[PDB]
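As a starting point, one isolated chain is supplied in structure tokens, in the form deposited in one PDB entry.
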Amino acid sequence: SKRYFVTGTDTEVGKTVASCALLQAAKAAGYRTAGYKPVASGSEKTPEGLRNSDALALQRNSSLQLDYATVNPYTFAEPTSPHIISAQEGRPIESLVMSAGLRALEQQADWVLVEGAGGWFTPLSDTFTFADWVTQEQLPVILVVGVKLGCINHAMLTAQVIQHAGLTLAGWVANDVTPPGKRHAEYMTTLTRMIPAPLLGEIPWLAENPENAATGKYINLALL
């Protein structure tokens, strides 16, 4: 089986778009897949309770029919750092619960993709970050790089810190977050040289992909 943690270089690089592409590619390869987003903030009310749109995307892109809470056990409404809204709601986030949910998906899935709740150093409490949990779980990490100004710096910072944690940087995905620009090829070359992990694929600019066209085709899982 297989497990990966997906993180983005910044806000609004389409991290969840890339996660969905990865999940689609894994299903095409014959895996029984599951997405896992243990912690989510920024969620809408429904008759069943709060639902986060990124967790819903991961649920919908899982090859298994998974219940929402199995994908996302901690759901907060407001779109702010987990530690802040957790404290405000009186709903502490516990590492062991996060880990138990990953184990629970491994009962059924042989390919699990895990997404966080912000970037690498996202606080979950005043003393624990999402990086702490990923490190404990020894997950291999896939970096999603939004190709835009600043991406080289952010990719390098994030890659260095992951490697310093003792973790494997398993791959990276380029997400085209804007229409094509002038320096696209040169930026891709630069990122490719500098990121110490295989480029798994590049997702085109899909103007938010309103029709939910399939993106798994952009990912080469054999490179992972």
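One rule holds for the numbers: they count along the sequence shown, beginning at 1. Definition used throughout: the rigid core is the maximal C-alpha set that superposes within 1.5 Å between two forms.
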Item to check | Stretch with the greater mean C-alpha B-factor as recorded in the entry, comparing 42-50 against 194-202 | outcome: 42-50
Checklist entry - Which is higher in the entry, the mean Cα B factor of 14-22 or that of 203-211? => result 203-211
Checklist outcome for this item: Reading the B-factor column for Cα atoms of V141, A87, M98, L124, the highest value belongs to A87
Checklist entry - Looking at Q160, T33, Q59, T178, which has the highest CA B-factor as recorded? => result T178
Next on the checklist: Lowest, middle or highest third: which one holds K37 when the chain's residues are ordered by CA B-factor from the entry?
Outcome noted: lowest
Checklist entry - Thinking about Cα B factors across the chain, which third does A69 belong to? => result lowest
Checklist outcome for this item: Here the Cα B-factor of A185, set against its chain, lands in the third termed highest
Next on the checklist: Among the modelled residues of this chain, does the Cα B factor of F128 put it in the lowest, middle or highest third?
Outcome noted: lowest
Next on the checklist: When the deposited Cα B-factors of this chain's modelled residues are ordered and cut into thirds, is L169 in the lowest, the middle or the highest one?
Outcome noted: middle
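Unshown form deposited with a small molecule bound; subsequent notes refer to it.
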Checklist entry - Quick one: in the deposited complex, does every one of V17, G118 and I203 get a heavy atom within 4.5 Å of the small molecule? => result yes
Next on the checklist: I'd like to know if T33 sits close to the small molecule in the deposited complex, meaning any non-hydrogen atom pair within 4.5 angstroms.
Outcome noted: no
Item to check | Contact label in the deposited complex: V13 to the small molecule, heavy atom within 4.5 Å | outcome: yes
Next on the checklist: Only one of these stretches, 172-180, 62-70, 158-166, 25-33, has heavy atoms within 4.5 Å of the small molecule in the deposited complex; which one is it?
Outcome noted: 172-180
Item to check | Core-superposed C-alpha of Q24 shifting 2 Å or more between the shown form and the other one | outcome: no
Item to check | Inter-Cα distance between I219 and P210 in the deposited complex, nearer or further [3 Å or more] | outcome: closer
Checklist entry - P210 and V17: do their C-alpha atoms lie closer or farther in the deposited complex than in the form you see, with a change of 3 Å or more? => result closer
